[PDB]
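For reference, entry.cif (mmCIF, C-alpha atoms):
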```
data_work
loop_
_atom_site.group_PDB
_atom_site.id
_atom_site.type_symbol
_atom_site.label_atom_id
_atom_site.label_comp_id
_atom_site.auth_asym_id
_atom_site.auth_seq_id
_atom_site.Cartn_x
_atom_site.Cartn_y
_atom_site.Cartn_z
ATOM 1 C CA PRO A 1 -20.791 13.695 38.728
ATOM 2 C CA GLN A 2 -18.377 10.761 38.491
ATOM 3 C CA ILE A 3 -18.921 8.122 35.837
ATOM 4 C CA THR A 4 -17.352 4.677 36.018
ATOM 5 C CA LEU A 5 -16.508 2.777 32.831
ATOM 6 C CA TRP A 6 -17.921 -0.676 33.614
ATOM 7 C CA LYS A 7 -20.586 -0.010 30.992
ATOM 8 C CA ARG A 8 -20.732 2.431 28.074
ATOM 9 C CA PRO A 9 -20.840 6.015 29.438
ATOM 10 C CA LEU A 10 -24.244 7.024 28.068
ATOM 11 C CA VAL A 11 -26.011 10.149 29.301
ATOM 12 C CA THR A 12 -29.073 12.142 28.304
ATOM 13 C CA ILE A 13 -28.578 15.196 26.138
ATOM 14 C CA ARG A 14 -30.969 17.786 24.749
ATOM 15 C CA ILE A 15 -30.612 19.066 21.183
ATOM 16 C CA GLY A 16 -33.090 20.586 18.762
ATOM 17 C CA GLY A 17 -35.689 20.217 21.491
ATOM 18 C CA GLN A 18 -35.317 16.429 21.571
ATOM 19 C CA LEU A 19 -33.878 14.354 24.409
ATOM 20 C CA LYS A 20 -31.465 11.645 23.304
ATOM 21 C CA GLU A 21 -29.030 9.151 24.771
ATOM 22 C CA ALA A 22 -25.393 9.830 23.922
ATOM 23 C CA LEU A 23 -21.974 8.323 24.561
ATOM 24 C CA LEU A 24 -19.354 10.425 26.380
ATOM 25 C CA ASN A 25 -16.453 9.800 23.989
ATOM 26 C CA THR A 26 -12.917 10.991 24.807
ATOM 27 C CA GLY A 27 -11.867 9.167 21.643
ATOM 28 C CA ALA A 28 -13.854 11.446 19.332
ATOM 29 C CA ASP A 29 -12.605 14.895 18.265
ATOM 30 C CA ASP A 30 -16.116 15.847 17.173
ATOM 31 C CA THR A 31 -19.704 15.250 18.240
ATOM 32 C CA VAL A 32 -21.612 12.992 15.830
ATOM 33 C CA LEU A 33 -25.353 12.415 16.074
ATOM 34 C CA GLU A 34 -27.605 9.885 14.373
ATOM 35 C CA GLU A 35 -29.481 11.076 11.283
ATOM 36 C CA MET A 36 -32.029 13.742 12.205
ATOM 37 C CA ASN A 37 -33.759 16.606 10.391
ATOM 38 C CA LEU A 38 -32.121 19.680 11.903
ATOM 39 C CA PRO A 39 -33.045 23.041 10.387
ATOM 40 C CA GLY A 40 -30.280 25.397 9.365
ATOM 41 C CA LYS A 41 -27.381 25.667 6.967
ATOM 42 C CA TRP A 42 -24.746 22.946 7.024
ATOM 43 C CA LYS A 43 -21.505 22.041 5.266
ATOM 44 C CA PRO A 44 -20.403 18.623 3.960
ATOM 45 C CA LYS A 45 -17.698 16.768 5.867
ATOM 46 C CA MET A 46 -15.961 13.389 6.020
ATOM 47 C CA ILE A 47 -15.005 11.897 9.367
ATOM 48 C CA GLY A 48 -12.868 8.840 9.844
ATOM 49 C CA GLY A 49 -13.199 5.958 12.235
ATOM 50 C CA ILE A 50 -12.265 2.321 12.550
ATOM 51 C CA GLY A 51 -12.955 0.810 9.159
ATOM 52 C CA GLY A 52 -13.093 4.017 7.146
ATOM 53 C CA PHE A 53 -14.808 7.351 6.529
ATOM 54 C CA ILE A 54 -18.446 8.387 6.309
ATOM 55 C CA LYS A 55 -20.080 11.544 4.990
ATOM 56 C CA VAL A 56 -21.845 13.804 7.508
ATOM 57 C CA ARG A 57 -23.554 17.185 7.654
ATOM 58 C CA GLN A 58 -21.871 19.845 9.766
ATOM 59 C CA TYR A 59 -23.945 22.382 11.719
ATOM 60 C CA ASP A 60 -22.318 25.179 13.729
ATOM 61 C CA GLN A 61 -23.356 26.856 16.969
ATOM 62 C CA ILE A 62 -26.003 24.342 17.981
ATOM 63 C CA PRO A 63 -27.051 24.502 21.650
ATOM 64 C CA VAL A 64 -26.631 21.152 23.398
ATOM 65 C CA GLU A 65 -27.442 20.387 27.026
ATOM 66 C CA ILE A 66 -25.547 17.486 28.609
ATOM 67 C CA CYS A 67 -26.823 16.299 31.986
ATOM 68 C CA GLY A 68 -28.133 19.766 32.734
ATOM 69 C CA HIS A 69 -24.849 21.288 31.566
ATOM 70 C CA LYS A 70 -25.219 23.821 28.780
ATOM 71 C CA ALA A 71 -22.870 23.848 25.826
ATOM 72 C CA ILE A 72 -22.915 25.095 22.246
ATOM 73 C CA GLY A 73 -20.826 24.253 19.233
ATOM 74 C CA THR A 74 -20.423 22.097 16.161
ATOM 75 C CA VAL A 75 -22.554 18.999 15.750
ATOM 76 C CA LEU A 76 -22.137 16.505 12.911
ATOM 77 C CA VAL A 77 -25.111 14.484 11.654
ATOM 78 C CA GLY A 78 -24.862 11.233 9.737
ATOM 79 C CA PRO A 79 -25.289 7.427 9.645
ATOM 80 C CA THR A 80 -23.703 6.577 13.001
ATOM 81 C CA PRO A 81 -25.054 3.663 15.087
ATOM 82 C CA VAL A 82 -24.809 5.697 18.280
ATOM 83 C CA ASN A 83 -24.927 9.329 19.367
ATOM 84 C CA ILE A 84 -21.422 10.509 20.209
ATOM 85 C CA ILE A 85 -20.372 13.456 22.360
ATOM 86 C CA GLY A 86 -16.824 14.382 21.418
ATOM 87 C CA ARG A 87 -14.114 16.527 22.989
ATOM 88 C CA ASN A 88 -15.397 19.744 21.380
ATOM 89 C CA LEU A 89 -18.339 19.644 23.797
ATOM 90 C CA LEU A 90 -16.751 17.700 26.683
ATOM 91 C CA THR A 91 -14.238 20.493 27.304
ATOM 92 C CA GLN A 92 -17.151 22.917 27.548
ATOM 93 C CA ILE A 93 -18.685 21.117 30.529
ATOM 94 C CA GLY A 94 -15.402 20.764 32.406
ATOM 95 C CA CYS A 95 -15.156 17.021 31.827
ATOM 96 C CA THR A 96 -11.871 15.282 32.689
ATOM 97 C CA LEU A 97 -10.417 11.761 32.805
ATOM 98 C CA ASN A 98 -9.044 10.752 36.213
ATOM 99 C CA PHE A 99 -7.007 7.791 37.489
ATOM 100 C CA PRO B 1 -3.608 12.255 37.248
ATOM 101 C CA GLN B 2 -6.380 14.503 35.927
ATOM 102 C CA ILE B 3 -6.519 14.909 32.157
ATOM 103 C CA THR B 4 -8.324 17.723 30.354
ATOM 104 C CA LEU B 5 -9.720 17.209 26.870
ATOM 105 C CA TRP B 6 -8.503 20.198 24.822
ATOM 106 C CA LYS B 7 -6.118 17.810 23.112
ATOM 107 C CA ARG B 8 -6.413 14.097 22.389
ATOM 108 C CA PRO B 9 -5.738 12.151 25.619
ATOM 109 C CA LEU B 10 -2.616 10.276 24.536
ATOM 110 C CA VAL B 11 -0.381 8.492 27.025
ATOM 111 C CA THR B 12 2.646 6.245 26.859
ATOM 112 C CA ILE B 13 2.128 2.536 27.342
ATOM 113 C CA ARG B 14 4.593 -0.322 27.640
ATOM 114 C CA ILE B 15 3.693 -3.692 26.161
ATOM 115 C CA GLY B 16 5.748 -6.705 25.172
ATOM 116 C CA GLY B 17 8.766 -4.730 26.359
ATOM 117 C CA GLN B 18 8.020 -1.861 23.964
ATOM 118 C CA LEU B 19 6.872 1.736 24.421
ATOM 119 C CA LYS B 20 3.996 3.192 22.449
ATOM 120 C CA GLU B 21 1.590 6.109 22.410
ATOM 121 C CA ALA B 22 -2.106 5.367 22.873
ATOM 122 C CA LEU B 23 -5.441 7.148 23.083
ATOM 123 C CA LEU B 24 -7.550 6.800 26.249
ATOM 124 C CA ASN B 25 -10.908 6.061 24.630
ATOM 125 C CA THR B 26 -14.114 5.902 26.685
ATOM 126 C CA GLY B 27 -15.975 5.286 23.424
ATOM 127 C CA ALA B 28 -14.354 1.897 22.832
ATOM 128 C CA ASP B 29 -15.344 -1.317 24.589
ATOM 129 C CA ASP B 30 -12.001 -2.922 23.768
ATOM 130 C CA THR B 31 -8.335 -2.087 23.353
ATOM 131 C CA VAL B 32 -7.011 -2.140 19.790
ATOM 132 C CA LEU B 33 -3.382 -1.561 18.887
ATOM 133 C CA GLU B 34 -1.677 -1.078 15.525
ATOM 134 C CA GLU B 35 -0.320 -4.239 13.900
ATOM 135 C CA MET B 36 2.657 -5.479 15.920
ATOM 136 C CA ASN B 37 4.061 -8.801 17.059
ATOM 137 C CA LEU B 38 2.938 -10.198 20.399
ATOM 138 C CA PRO B 39 3.870 -13.464 22.138
ATOM 139 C CA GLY B 40 1.280 -16.225 22.358
ATOM 140 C CA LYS B 41 -1.582 -17.584 20.294
ATOM 141 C CA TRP B 42 -4.123 -15.198 18.778
ATOM 142 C CA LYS B 43 -7.675 -15.765 17.545
ATOM 143 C CA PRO B 44 -9.170 -13.972 14.524
ATOM 144 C CA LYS B 45 -11.924 -11.522 15.449
ATOM 145 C CA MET B 46 -13.808 -8.636 13.889
ATOM 146 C CA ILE B 47 -14.661 -5.306 15.489
ATOM 147 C CA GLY B 48 -16.718 -2.428 14.183
ATOM 148 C CA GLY B 49 -16.811 1.336 14.361
ATOM 149 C CA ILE B 50 -17.759 4.437 12.367
ATOM 150 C CA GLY B 51 -16.572 3.317 8.927
ATOM 151 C CA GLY B 52 -17.516 -0.348 9.180
ATOM 152 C CA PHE B 53 -15.717 -3.430 10.498
ATOM 153 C CA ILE B 54 -12.119 -4.616 10.375
ATOM 154 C CA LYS B 55 -10.380 -7.913 11.055
ATOM 155 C CA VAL B 56 -8.165 -8.095 14.130
ATOM 156 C CA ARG B 57 -6.029 -10.563 16.085
ATOM 157 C CA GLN B 58 -7.094 -11.209 19.668
ATOM 158 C CA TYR B 59 -4.514 -11.830 22.406
ATOM 159 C CA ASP B 60 -5.648 -12.621 25.948
ATOM 160 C CA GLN B 61 -4.146 -11.832 29.366
ATOM 161 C CA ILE B 62 -1.533 -9.422 28.045
ATOM 162 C CA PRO B 63 0.235 -7.194 30.604
ATOM 163 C CA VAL B 64 0.054 -3.509 29.710
ATOM 164 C CA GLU B 65 1.503 -0.611 31.655
ATOM 165 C CA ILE B 66 -0.486 2.569 31.180
ATOM 166 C CA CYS B 67 1.110 5.717 32.509
ATOM 167 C CA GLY B 68 2.791 3.628 35.179
ATOM 168 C CA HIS B 69 -0.382 1.777 36.140
ATOM 169 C CA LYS B 70 -0.553 -1.971 35.565
ATOM 170 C CA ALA B 71 -3.293 -3.797 33.705
ATOM 171 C CA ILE B 72 -3.576 -7.339 32.367
ATOM 172 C CA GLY B 73 -6.276 -8.058 29.827
ATOM 173 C CA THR B 74 -7.395 -8.640 26.261
ATOM 174 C CA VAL B 75 -5.546 -6.719 23.544
ATOM 175 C CA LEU B 76 -6.722 -6.603 19.925
ATOM 176 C CA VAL B 77 -4.183 -6.066 17.161
ATOM 177 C CA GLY B 78 -5.031 -4.892 13.671
ATOM 178 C CA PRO B 79 -5.249 -2.069 11.082
ATOM 179 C CA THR B 80 -6.591 0.567 13.482
ATOM 180 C CA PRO B 81 -5.846 4.221 12.596
ATOM 181 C CA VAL B 82 -4.428 4.764 16.097
ATOM 182 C CA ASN B 83 -3.569 2.863 19.292
ATOM 183 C CA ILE B 84 -6.676 2.741 21.461
ATOM 184 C CA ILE B 85 -6.961 1.855 25.139
ATOM 185 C CA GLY B 86 -10.577 0.832 25.708
ATOM 186 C CA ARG B 87 -12.845 0.395 28.719
ATOM 187 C CA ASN B 88 -11.661 -3.155 29.357
ATOM 188 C CA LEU B 89 -8.311 -1.774 30.543
ATOM 189 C CA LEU B 90 -9.463 1.689 31.653
ATOM 190 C CA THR B 91 -11.557 0.063 34.369
ATOM 191 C CA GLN B 92 -8.495 -1.887 35.515
ATOM 192 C CA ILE B 93 -6.521 1.275 36.252
ATOM 193 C CA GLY B 94 -9.517 2.851 37.987
ATOM 194 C CA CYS B 95 -10.187 5.491 35.340
ATOM 195 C CA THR B 96 -13.376 7.592 35.509
ATOM 196 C CA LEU B 97 -15.008 10.519 33.742
ATOM 197 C CA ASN B 98 -15.673 13.549 35.897
ATOM 198 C CA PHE B 99 -17.536 16.839 35.588
ATOM 199 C CA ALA C 1 -17.385 -4.904 20.139
ATOM 200 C CA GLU C 2 -17.780 -1.318 19.025
ATOM 201 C CA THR C 3 -14.835 1.054 18.901
ATOM 202 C CA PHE C 4 -16.052 4.573 18.348
ATOM 203 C CA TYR C 5 -12.873 6.426 17.600
ATOM 204 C CA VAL C 6 -13.667 9.509 15.518
ATOM 205 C CA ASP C 7 -11.117 11.453 13.516
ATOM 206 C CA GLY C 8 -12.300 15.036 13.047
ATOM 207 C CA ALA C 9 -10.168 15.473 9.915
#
```
Translate this structure into structure tokens?
Amino acid sequence: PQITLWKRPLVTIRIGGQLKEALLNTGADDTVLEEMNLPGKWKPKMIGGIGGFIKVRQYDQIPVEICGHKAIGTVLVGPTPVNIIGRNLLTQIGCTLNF
Amino acid sequence: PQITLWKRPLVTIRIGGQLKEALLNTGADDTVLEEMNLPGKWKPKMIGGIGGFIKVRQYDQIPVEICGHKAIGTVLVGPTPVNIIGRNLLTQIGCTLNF
Amino acid sequence: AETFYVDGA
């Protein structure tokens, strides 16, 4: 599909069985999801943004479906105000920027 | 052009007669550039992101050339970790997300 | 507004 940028590019994604709304973010290297109790082993990580850094939990090889498009990879979980789909997953669904 | 996301989507922009490198960011409502001098009056503003909020200077109706395409809009200047072109200007150059 | 730049470092 083709998504215009008049409003925030939010789409539905499926992870850990739950359906959530997430922002297609070309400005994020990684995918960061709001705090949620995901099972599995994880590693600590710090990610930076505007303002500073926050601590998050890193989970590897987590299946994520974006608009019916299947992907799998690293997902970071922490105190973010919005669910963010970064480039690590965007490249997997053949997403590009065009103008 | 069509831009893939295996690497950060950086492009050259020209503003105030200067050339700079900026990140095409669909996850940002506004455009925020690193501290620099710009003609005109500016109003203090605050914007937020992953690691909290920061104080920025707001300049209105500023011409910005992005990859050869012209845009004229609001440009925020402050202590951002990187130059960011947000949706306010991305929509002006007809940018979209596709997959 | 909200600027969600994320540095994977």
Taking all atoms listed in the file into account and nothing else, which residues of chain C lie no more than 8 Å away from chain B? Please answer as a PyMOL selection string. chain C and resi 1-6
If the PyMOL selection byres ((chain A and resi 7-14) around 8) is run on the structure shown, which residues does it catch, given as a PyMOL selection string? (chain A and resi 3-6+15-25+64-67) or (chain B and resi 26-27+29)
Starting from the PyMOL selection byres ((chain B and resi 44) around 9), expand the selection into actual residues of this file and give them as a PyMOL selection string. chain B and resi 42-43+45-46+55-58
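Shortest atom-to-atom contact with chain A among B:61, B:2, B:88, B:83: B:2, counting only C-alpha atoms.
With all atoms listed in the file as the atoms that count, the minimum distance from chain B to the choices A:59, A:54, A:33, A:41 is reached by A:54.
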